[PDB]
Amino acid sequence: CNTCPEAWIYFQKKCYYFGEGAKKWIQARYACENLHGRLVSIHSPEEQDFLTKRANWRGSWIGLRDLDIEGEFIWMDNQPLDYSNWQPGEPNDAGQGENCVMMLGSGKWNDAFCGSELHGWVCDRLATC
């Protein structure tokens, strides 16, 4: 039906917001909430393909994190871990600990320090049709 709030993009019964501007993961979380969505949750290769094609080449935050329990990733939509697109070797919990997930410019996922500033962040919301 291709029906979304203004500035959002429709794909398979969800609307997506391709946010831009440097944000830490928590700032991106609340930026999405301010727009009445959440950082994006990804549950199929077709959805990943939609995002990969449109992703910010400098990287972008998504709605996946292991902040609560290390190695237990949780989606913003709280749905199961039924699809992954990890960059090879990721998540690697590098450095002091990497608990927030980004898409690299390629769309592949990397865990990163939650306080890194990325210039992209993607929100989603349920579409009305």
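In this text, residue numbers run from 1 along the sequence as written.
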- Message: Highest mean C-alpha temperature factor of the two stretches 120 to 128 and 4 to 12, which is it?
- Response: 4 to 12
- Message: Quick check: 69 to 77 versus 51 to 59, which has the larger average CA B-factor in the record?
- Response: 69 to 77
- Query: Looking at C32, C100, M103, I26, which has the biggest Cα B factor in the entry?
  - Reply: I26
- Chain thirds by Cα B factor, record data; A112 belongs to the lowest
- Task: Rank-wise, by C-alpha B-factor, drop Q96 into the lowest, middle or highest third of its chain.
- Result: highest
